[PDB]
Ligand SMILES: [Zn+2]
Ligand SMILES: [Zn+2]
Ligand SMILES: [Zn+2]
C-alpha cells in the first residue's frame, strides 16, 4: 500500500526526475530511486521503456554529434562507443546491481542504436558497424590491451551481422600475415582463444588452416636456408582469399631468385603450378646516388615503377602502362600518391629511415563494396543450398513451415529477407529442381 | 519414441552429409522440446573424428545440452576419451577436443568430472616439451577457476604446488596465462593457501627479481585485495628499495600502489608512498619511454584522491596541489590525466584549522593563469578539458572568478569563433559561458556585451540542435543579465534589441526544427518580451499570434504557457488586451485532459493575466472559465 | 645514370594443382570459362551468380557441377574423398 500510494499518484514526477537525473551525471540518486521502486510488484514496464528510449536517444545524439568525420575516422567513433558502453556498465553495476531485465534492456538498446543510427541512415547500408569494429581492431593490433579487447568482444555480441565481422577479420588477418607487422604473439593467441570460445569452429577453421600453412611455409624456408637477401611465403589457393593478379613484368635483376625456387619446387613437388602474387611484397632500397643513404618501404608495384626509370633517357606513362600491363586507375592513383611525398634526386629528409607505405585512400571504398557484394551472394547461395537440401529428408511440407525452419536455422547468423527467399525458391523451381504439384497450392514435391 | 529413434539412427547412419545434418537438427529440436544412450554416445564419439566441419560443429553443439538427459555412468568415460584425444598429434583434433571440453563445462552447472579433469591437469600442467599443451591447459584451468571453485577440499594444494614452477617459463604468454589462472584461483578462493603463496612470493623477492613476481602480486591483489593487511608492511619497503634502479622497471611498482589504495582503504602508510609517487612524477630524460612512466603515477594520484576524503587539509597544505598545477606542460596523455585528477579533486571538495575555502581562494589566481597559459594550444582535447575545468571551478562555489573575466573572455571568444572547433567543444564553451553568467553578478558583464553579443548571435543559427539550444540558453541568460530589474543599472542596450529579436523570431518558426530548439526559442522570446518588450512596439501587436497558434500543439504547450506567465508578471506593462479575447478560450479548452503540470501552468497564466490586465473582460470567457472549474 | 639495388623481396606464392587449373573434370571445358548448361538457358541471375567453389583438399569446381554430382556420390572426381565446402 505504501509503495502504491507513493507511486500511483506520482508517476509523472517520478518519470520526469528519472529523465532529468539520467540526462545529468548523478548515479547515486538513480540507484536510490531504483531501490525505492524495486519493491513494486509488476510495475516496472514503464521505467524499463523510459530507460530504453533514453538510451536510444543518447546513442543517436552521440553518433550524430560527430557527423561527417566518424565515417572516415573510425578510431574516435569506436573510442566514443567504448566510453559510452563502459559508462553504462559502471552505471548498471552501481545502481541496478546487474538486474537481469535491466541488463536485457541495455543489451537490446545497444543492439538498436548500433545496428541503425544517424551515420548508418545516410549511407543507406546497415552493415557498417562491423566494418568500423574490424578496422579499429586491425589498427590496434597493427604496430595493456586485454581490457579493450574483452570489451570489444562483449559489445560485439549485440551485433546481429556477426558473419560480416568474421569475414572482415579473416581478410585482415590474411593481409596482415603477409607482412611482418603483427603485434605480440600473446595478444594474437588471446584474441584467437576469445574468438574460439565465442564464435563457432566454422570461423576458426580458416584461422587454423592459415596458421598451419604459414608454419609449413616457415619450415620449408628454414630447410632451404639450411641447405643453402631473399624470402618466400608460399600460401594455399583455397585457404587465402586473394583476387588473381594481372599481368606483370619480371625484373631482370633477380630473375635467378625465382628461377631457382621454381626449379626446386618442380624437383620436390612436381605437377603443381605456382602463381606468385606481385601485390603484397615490401622491402628496402639501398640508395647510393643520393646525398645520403636512404631506405624506402616499397611494395612491388611502385618499386617496379621506380626501377623503370633506371637507364632511360625519357619516361612516358604509355610505355610503362603497356609494358607492366596494369589497370590505368590503379597506376594513376599510385603515381599520384608517390608524387605527393615529393619523391619523384637531391631532396633530403628529416630522418634516415622513412616509411612511405601509406593507406590506399582510394581503393578502400571499392574493396569494401566488393566485399559487401561478395557477402551478399554468399548469403544467397547459402540460403539456396539450405532450402534445396532441407527437402532431402522432408518429402512434402508447407511453405510457411519451410520459411520458419529456414529462419530458425540461421537465426544466430542473419535474418534473410522474404523476397530474397521467394526469388531463390522460384529460381530453384525454374532450374528443374522442383515440381509444382497441382493438388495443393503453395506446395512443392522433391525432385532429383 | 523407440521406433522414431531407431529410424533416425538407421537413416542417419548411411555415410551422408545432408542426412546427418537433418538428423542433428531433429535430435536438437527433440532435446530442446539404457541402450539408446549408449548408441548415441558411441555415434557422437565416432562423429567427433569425422573430417567434416559442419558435422563436427553440429555434434559439439549437441554435446552441450545432452548432459542434462544422458546417464551419469558414461560421463566419466567420455571425459576420459576426450582427455586422451587431447594428447593427439593433429591440431584440428586438438581444437575439436578443446571446443568440446569448453562446451560441456559451459553447460555444466555428475560432479566427478571436475575432480577427474583437475586431477589429470595437475600432472598435465607439469613440464612438457610442447608449449601449446601448456597454453591450452592454462586456458582450461582459467575456465575452471572462473566457473568452478566450489568445495575443492583437497585439490587446491596439488594444483598450487604444480603450477608454481610454471611461473618461470621463458615465454611471456605462458607467464601471463599462469598469472591469470592464479588470479582466478584467488578470486574463487583456503584458510591458509594465500599464506603459503605470499610466503613463497616474499622468499622469491629476496633474489634476482623479475617483472613476473610483481605482476603476479598485482594480479592477485586486484582479484582479492581484502585479505592482505599484515603483509603490506614488508611489501612497500621492497618496492621503495627496488624503485632506485637505473633500468626501466618501476612500471609495475607504481601500478601496485593505486590498486593497493583501491582495495585497502584504512592504512597508516600513505605519506611514504605519496612522497614516493610525488618524486617519481619528476622523471624527464617508440624508443623513448619517459612520456609513459608518469601514467602510473597519475593513476596513483587519481586513486589516492578518490579514496581519501577525511584528510583534505593534509592534501591541501602540502605542495601536492601546487605540483599538480605546475605539472601541466606535458604530453596529451599526461595533461589529460592531471586534468582528470584535478576535476575529481574539485568534485570531491564539496562537503559530504582554516576551512578549505581560504586555500581554494588563494590558489584560484594560480589556476587562472595556468589555464590561460594552457589556452594557447590548437588541440581540441585541451580546449574541452580547460572548459570543463572552468565549469567545475565556477560550479563549486558562486562568485569565484570575479577578477579574471576580462582576461578569460578572449579565450572563450576565440574558441567560439574559430573555424576548427568540434560540436562538443562549442557545446561545453556555451555551457561554461552560461553558468558563468548565471553564477556571477551582472556587474562584471556590462562592458563585455559588445564582445559577447556578436558570437552568441552568430552561434544561435547552426544546423545542429544541441548547439542551437545551448546558444538560446546563453542568449536568454545574457538578456536577463544585461537588464536586471532587481537592481537599477545605467547602460543603453538599444543597438542589441533588433540584433537579438531577429535571431529570436527567426528560430521561433517551425522550419522542421526539433522540439527542444523550438521550446528554447519560445523561452527566449518570453524572457525577452517580459524584461525588454517596451522597445519592441511595431512587432508587439502582430507576433503574439505565434503563441496562440502554438498553444494548440501538444509538443509545445508548457513552454509557451510559462513564457506567457513570465510576460504577464512583468513590472513593465505589456499590451495583451487584443490577444486576451482570443487567448483565454484557448487556455480554457485545455482544462479537460489529465496533466497536472499543464493544468498548473495554464492556471498560473490565466491568474496573472487577469490580475495584471482586467480592463476589458467579456462574459463568454468568464463563463467558459467557470464551466471548466468543476473538471479541475 | 640513376641506379639503386634492392636487398630483400619477400615474395608470396599461390600453389595449385595443374589439373584443376587446366580444366574441371565434371564438364570438359576451361575452368575459367562458364559451364555450358547455365549458358544454354539465360533468363535470370543464374548466369551471373554461377562461380567456382572450393574445398579442404584445395580443388576448384563449378557450383552447379558439384551440386549435380551430389546425390550420385559424395566424392570429388580426381582425389577420392568426401567433398567439403569452405568458401565461395
Ligand atoms: Zn553453372
Ligand atoms: Zn563445370
Ligand atoms: Zn578434391
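Each position is counted from 1, following the chain as shown.
Looking at the header, which is where the method is noted, we find electron microscopy, 3.1 Å.
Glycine residues also receive a Cβ, built from the backbone N, Cα and C atoms like all the rest.
In Swiss-Prot this protein carries:
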type    : residues               : note
BINDING : C:24, C:27, C:62, C:65 : Zn(2+) 1 binding site
BINDING : C:35, C:38, C:50, C:64 : Zn(2+) 2 binding site
BINDING : C:57, C:59, C:76, C:79 : Zn(2+) 3 binding site
ZN_FING : C:35-80                : zinc finger
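Swiss-Prot feature annotations superimposed on the structure.
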residue : record                : DSSP (3 states)
C:24    : Zn(2+) 1 binding site : strand
C:35    : Zn(2+) 2 binding site : coil
C:50    : Zn(2+) 2 binding site : coil
C:57    : Zn(2+) 3 binding site : coil
C:62    : Zn(2+) 1 binding site : strand
C:76    : Zn(2+) 3 binding site : coil
Residues other than C:57, C:59, C:76, C:79 within 8 Å, Cβ to Cβ centroid, of the Zn(2+) 3 site?
C:55, C:56, C:58, C:77, C:78, C:81, C:83
Candidates C:24, C:59, C:76 (binding-site residues) - the one closest to residue C:50 (Zn(2+) 2 binding site) by CA:
C:24
Please report the Cα separation of residue C:24 (Zn(2+) 1 binding site) and residue C:57 (Zn(2+) 3 binding site) in Å, rounded to an integer.
15
Of the binding-site residues C:35, C:38, C:76, C:79, which sits closest to residue C:62 (Zn(2+) 1 binding site) by Cα distance?
C:35
For residue C:59 (Zn(2+) 3 binding site): intrachain residues, at least 6 apart, with Cβ closer than 8 Å:
C:17, C:20, C:76, C:78, C:79
May I ask which of the binding-site residues C:24, C:27, C:57, C:64, C:76 have a CB within less than 6 Å of any atom of ligand 3, listed in sequence order?
C:57, C:76
Taking 8 Å from the centroid of the Cβ atoms of C:35, C:38, C:50, C:64 as the cut-off, which other residues in that chain fall inside it around the Zn(2+) 2 site?
C:34, C:37, C:39, C:46, C:47, C:62, C:63, C:65
Spatial separation of residue C:57 (Zn(2+) 3 binding site) from residue C:27 (Zn(2+) 1 binding site) - C-alpha basis, Å
20
Cα of residue C:57 (Zn(2+) 3 binding site) to Cα of residue C:65 (Zn(2+) 1 binding site): how many Å, rounded?
17
Distance-selected binding-site residues near ligand 1 (C-beta under 6 Å), from C:24, C:27, C:57, C:65, C:76, C:79
none
For ligand 2, pick out the binding-site residues C:27, C:35, C:57, C:65, C:76, C:79 that have a CB under 6 angstroms away from one of its atoms.
C:27, C:35, C:65
In sequence order, what residues of the same chain, 6+ apart, have a Cβ less than 8 Å from the Cβ of residue C:65 (Zn(2+) 1 binding site)?
C:24, C:26, C:27, C:35
For residue C:62 (Zn(2+) 1 binding site), list the number of other Cβ atoms lying within 10 Å of its Cβ atom.
21
Around the recorded Zn(2+) 1 site, report the further residues of that chain (criterion: Cβ within 8 Å of the mean position of the Cβ atoms of C:24, C:27, C:62, C:65; site residues excluded), sequence-ordered.
C:25, C:26, C:29, C:31, C:35, C:61, C:64, C:66
In all the protein chains shown, the tally of other Cβ atoms within 10 Å of the Cβ of residue C:57 (Zn(2+) 3 binding site) is 16
